[PDB]
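One chain is shown next in structure tokens, namely the form deposited in one PDB entry.
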């Protein structure tokens, strides 16, 4: 009963950076070190945060509960930039429409599953989706008790 979930609660971008640095993420391969948190943008999803060697930036990938367990969420379009050409802006408009449609359905489904205590295993499906995205599970950063998610769904994600 005293075990701490492996899922972070709400954590800010500054602490995400500093936790990745504490575990030497910037001198390891991308995804060799990562953490799993309650998403601050979409409640009921999870966000996997890691360091991207190729672009020297922290990157995030969202998962959500689906009928078969945790799966990768719809991919958001590339965030706009001051340098964006008309061609990039036009693709953004299309990708964003498609993303918002797909994400709305995905979130609505995830929320309904997240609200129920289902007597079927789901933690293993999170582990499996992490493997599908090639996350070094030995490199999982574990929260302290005060850092960990308070969500009832994650009590046994230990």
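Between two forms, the rigid core is the largest collection of C-alphas that superpose within 1.5 Å. Positions refer to the first chain, counted from 1. Shifts are known only where both forms have a C-alpha.
Taking the PDB entry as given, 90-98 carries the higher mean Cα B factor of the two stretches 26-34 and 90-98. 43-51 and 113-121 differ in mean CA B-factor, and the higher of the two is recorded for 113-121. Across the residues 148, 16, 141, 137, the deposited record lists the maximum Cα B factor for 137.
The same protein also exists as the form deposited in another entry; that form is not shown, yet it is the one meant from here on.
Here residue 117 counts as shifted, since its C-alpha moves by at least 2 Å between this form and the one not shown after the core is aligned. After superposition on the rigid core, the stretches of at least three consecutive residues with Cα shifts of 2 Å or more between this form and the one not shown are 82-91, 117-120.
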